[PDB]
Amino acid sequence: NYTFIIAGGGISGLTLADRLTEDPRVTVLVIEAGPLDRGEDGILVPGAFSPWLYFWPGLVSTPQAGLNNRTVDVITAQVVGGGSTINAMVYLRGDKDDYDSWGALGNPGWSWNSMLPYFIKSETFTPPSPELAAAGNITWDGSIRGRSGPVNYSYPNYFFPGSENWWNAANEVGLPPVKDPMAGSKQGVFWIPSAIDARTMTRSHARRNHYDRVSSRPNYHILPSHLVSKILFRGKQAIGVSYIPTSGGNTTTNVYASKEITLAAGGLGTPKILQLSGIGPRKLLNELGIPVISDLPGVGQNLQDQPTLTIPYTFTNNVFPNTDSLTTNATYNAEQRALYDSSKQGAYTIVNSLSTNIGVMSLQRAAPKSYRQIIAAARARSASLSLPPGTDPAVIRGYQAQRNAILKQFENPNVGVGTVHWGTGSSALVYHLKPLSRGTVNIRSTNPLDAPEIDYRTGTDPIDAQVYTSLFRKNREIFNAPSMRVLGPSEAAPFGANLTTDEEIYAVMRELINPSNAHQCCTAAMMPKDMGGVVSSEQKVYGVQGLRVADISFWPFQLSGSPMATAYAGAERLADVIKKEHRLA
């Protein structure tokens, strides 16, 4: 046996396994669906970024009712290190009220104040060079960035010149410099912190910082290329798991834990292990003939992501060099790669197609003249309208509680709802951080090799389009500001300056929005059971003992931010919670 078995070796699972194995008396087995990465340049080198190397195969959405019935490929990691291995390295905390809100949903011990020590513990920030900080407008608050923890983060050591035009344009249209977007607010523009190790200018993924770093430990066991197919019980006690080869061989093996089973299989993997195990909605489990261990209608409910929109541009006078120079100028690409290979300088320190700065805005900052109208529409509409009729009443109550917290965020000048970015080339990116829409992920069968049904339900809540349209218009203000007009931008078809009404704009958005930035969360939510929750404030699955959810399945709702930094910090916090209960070193 092992002391603990962890299902999924992604950000959350490896962070937890690392910390638990600090006690030599504690053995851990991490069972991970994907292989070890091979240190490929497409993983390690930012400018070579190749995320597709380790996408989970064979996942497709249902037709998306809110997006013209489009079906999309579903993107999530299948590799040791999980999303950290293949993500764009964007390393950002949420805003204070995100965590305060999770606490106010009925989770004692959850707040910005309680998370801050764990954000700090998680990481080591390496400052940029002083000349780059001065030239680039890179600022930070050293008091609230970690100095000693395992996740390395820093910045690229270069910026494209057009990033300057964009920064000044953003400032011209009400997005001011942010001193530190890690300080619990991020209203305006700032350099993107990147999960890079500055001594080599390579990715600091969880494979490295929470496994390789500590892989001399004989008590830290890993089994790549295997799937946890079921949790095993003695009565209501979780005692073990079954696992199978990911490649589908007709072999099944049982392994047992003396203390706990931890699920860390991600937003799209954790609910499937629970449902196959008899933990889930009795309607679904009864339909499939799965005996019910714990009737929890929230399992697989409440799916969220953070939609994206790519806006195409042409320019009469774009500045050289820019991100597209890497793809259209072989000489420039070769010279920048040679530069990186020699002295680790230049464009290859930036994740491919990204720039170095970004903007985040509250609803009132996006829509100063109309945000009250959006809030009124959202306040007027019954929460139940966002979910199908016959949704479990506990799931509706939890959704209503989330919705009320998000409407307070809409009123808050210090909580973000959307992002604007320009890579310096042919497209801009606009992200919707705070959707009110909610989706599902449900097993289709008892076959552990079968993909679940994944329905994002993007744009089913009509408030989302109102918010997203406002974010689009703010992006258009940046491109129209004096500092950007000198580059001669114009929106390209199917967008265009000739689309002036909300209806004209959103009709194109409905055809182009991607439901996902691979930020899937919230499908095993941490809320009271009578609110459709799956886990307690201690991340224990209701109705069974010895079973927790560590991955971002547990989140109630999305952050003003991207998930990675909080995925690390939340697993740092859970490690301490488990150590305290079991009196570990």
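Quick note: we count residues from 1 along the sequence shown, nothing fancier.
Chemist: Which has the higher mean CA temperature factor in the PDB entry, 416-424 or 447-455?
Modeler: Between 416-424 and 447-455, it is 447-455 that shows the higher mean C-alpha B-factor.
Chemist: Averaging only over Cα atoms, indicate whether 235-243 or 308-316 has the higher B-factor in the PDB entry.
Modeler: Comparing 235-243 with 308-316, the higher average CA B-factor belongs to 235-243.
Chemist: At the C-alpha atoms, which of 477, 461, 100, 295 reaches the highest B-factor in this entry?
Modeler: Comparing C-alpha B-factors across 477, 461, 100, 295, the top value belongs to 295.
Chemist: Out of 361, 279, 201, 133, which one has a C-alpha B factor higher than all the others in the entry?
Modeler: Within the set 361, 279, 201, 133, 279 shows the top C-alpha B-factor.
Chemist: Lowest, middle or highest third: where is residue 24 by C-alpha B factor in its chain?
Modeler: It belongs to the highest third of the chain when residues are ordered by C-alpha B-factor.
Chemist: Can you tell me whether residue 140 has a C-alpha B-factor in the lowest, middle or highest third compared with the other modelled residues of the same chain?
Modeler: Its C-alpha B-factor, which the entry lists for residue 140, ranks in the middle third among residues of this chain.
Chemist: Quick check on the deposited entry: does the C-alpha B-factor of residue 34 sit in the lowest, middle or highest third of its chain?
Modeler: Bottom third by C-alpha B-factor.
Chemist: Report the third (lowest, middle or highest) to which the CA temperature factor of residue 552 belongs, ranking only the modelled residues of the same chain.
Modeler: CA B-factor rank for residue 552: lowest third.
Chemist: Based on the entry's values, in what third of the chain does the Cα temperature factor of residue 385 lie: lowest, middle or highest?
Modeler: For residue 385, whose C-alpha B-factor we compare with every modelled residue in the chain, the answer is the highest third.
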